[PDB]
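Take a look at this single chain, the form deposited in one PDB entry, given in structure tokens.
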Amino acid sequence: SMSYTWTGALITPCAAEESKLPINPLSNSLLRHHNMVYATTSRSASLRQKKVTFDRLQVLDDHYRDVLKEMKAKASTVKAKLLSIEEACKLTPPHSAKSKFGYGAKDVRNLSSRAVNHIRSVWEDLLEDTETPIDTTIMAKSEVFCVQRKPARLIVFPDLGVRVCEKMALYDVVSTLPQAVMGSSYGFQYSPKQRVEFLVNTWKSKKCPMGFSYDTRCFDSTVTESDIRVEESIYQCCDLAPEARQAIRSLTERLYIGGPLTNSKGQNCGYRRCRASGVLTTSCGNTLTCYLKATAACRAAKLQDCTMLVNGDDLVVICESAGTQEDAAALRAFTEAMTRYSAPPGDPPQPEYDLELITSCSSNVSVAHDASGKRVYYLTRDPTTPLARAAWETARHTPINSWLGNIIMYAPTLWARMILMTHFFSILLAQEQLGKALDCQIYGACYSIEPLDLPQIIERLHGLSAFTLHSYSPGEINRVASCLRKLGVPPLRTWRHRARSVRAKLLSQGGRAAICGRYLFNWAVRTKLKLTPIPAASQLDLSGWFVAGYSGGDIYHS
């Protein structure tokens, strides 16, 4: 069946669409080549539609069924709970898209009559109606990139009331199930530090390691009605409340397998027969599905001792090498099996024999040394996208601050410390907004974070070594340097100068600002101050942080 079918109507915006980076004084300080930074618009929707629209031919086999049974036996041990309206309401972002039924995210959050009554009425319709397709809105996403142009991403999502009903029935499932089914292979149970720990141990545990990253072209579109039903069958293995069991059953047929696409004008856009990106089960469902297809493809291909790390469609395999000629063949056999399971490659996979050469979750493993000269492993990535997005956030007030998430997640990196910390700490201080909370996403979930809380947050996630790292690899230094030239970002010596300036100002303020100068900017000065465990880091409530993925699940923690 076709992934999509269209009516001819256009994917429309609900407002004016900015695509060009503004010539702004503050963003210009970070990036000069403004014409190389763009945001995607609905003007590219058609190129994405051509790329995502195709017919799927799936052929499941003995290896696929064996693994599915192994996965169900593990799912059998889970006892999932049904969240109340109030608990489900509390997990709604304050700026989540309002309902088409005269209420919004703030009404949901405050548990207002119009909101609570409508959610209850949607819940009963899921218990009573097991057939009628649920309506979704199709929108082109607005994301920022650097040139060399990408076409817009298509986002599919149901109404507010429905989204609160998915939380009541599925939130605890998507939170505890993947870890019970997959174990150490579920990448969302880890922080960045724990992620390096697992990749290094897995690599070092093999006698002769071989690794590869497998890229699926338009994974959401490769997902069939069969894959979605097989997914519900893993969910049914949970101990469930009668109403939750019915809601999962109804949501699977009416929403998860396919449904009507409606544009912002209210016109009919077409029909979806694959994965909606704006649902609660997108993260969990894609992880399980990618893990099932890959695990069975390893057996079919005769690849030895497979250890895998899955985060939705992002998959990395670390196995036992059988030699060059053997490895090449087995990797093609793996691809052959994935194509049959309806997961063909975007860019063909390559056998790697050095961990640092593999890219998984846009990241790669790299080495730097601590204050005591000992080797420290950390996750990095190419800084182009994070820098182009930080420039946009400087000129325009965005709902989610990617720059803040990049600081937290990539805190030990050369680029987050020197550029991202310096740029924002200068601007915020000059505006008296260092203690003003900001929204960011960690693993799809929304968090309200004060920039001044960063030293404690980094010490917990990355240890004190995040504030002492030096002697970065030549490769890492070359990548940072060539990117700065490309985007027209000032050299590292200008950043070192700018850092010295903020550090002083932060130190004279005292309180939490002095903690920021001492820890975050100790790299910028030769007379290094004494760095000890911050009292506040000991009692940080970092639960809920690295548990599960919630991309498109409309989730708000804190």
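Start at 1 with the first residue shown and count on from there.
There is another form of the same protein, the form solved in complex with a small molecule; it is not shown, and what comes next is about it.
Contact with the small molecule in the deposited complex holds for none of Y64, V67 and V78, as no heavy atom of theirs lies within 4.5 Å.
From the list 294 to 302, 69 to 77, 481 to 489, 248 to 256, the contact stretch for the small molecule in the deposited complex under a 4.5 Å heavy atom rule is 481 to 489. Site annotation in the deposited complex: the residue of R120, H470, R149, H95 reaching within 4.5 Å of the small molecule with a heavy atom is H470. This chain lacks the partner; the member of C238, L414, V181, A330 within 4.5 angstroms of the small molecule in the deposited complex by a non-hydrogen atom is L414. The small molecule is not drawn, but in the deposited complex it has a heavy atom within 4.5 Å of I477.
Within 4.5 Å of any heavy atom of the small molecule in the deposited complex lies no heavy atom of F54. Proximity of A322 to the small molecule in the deposited complex falls outside the 4.5 Å heavy atom cutoff.
The closest non-hydrogen atom of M418 lies within 4.5 Å of the small molecule in the deposited complex.
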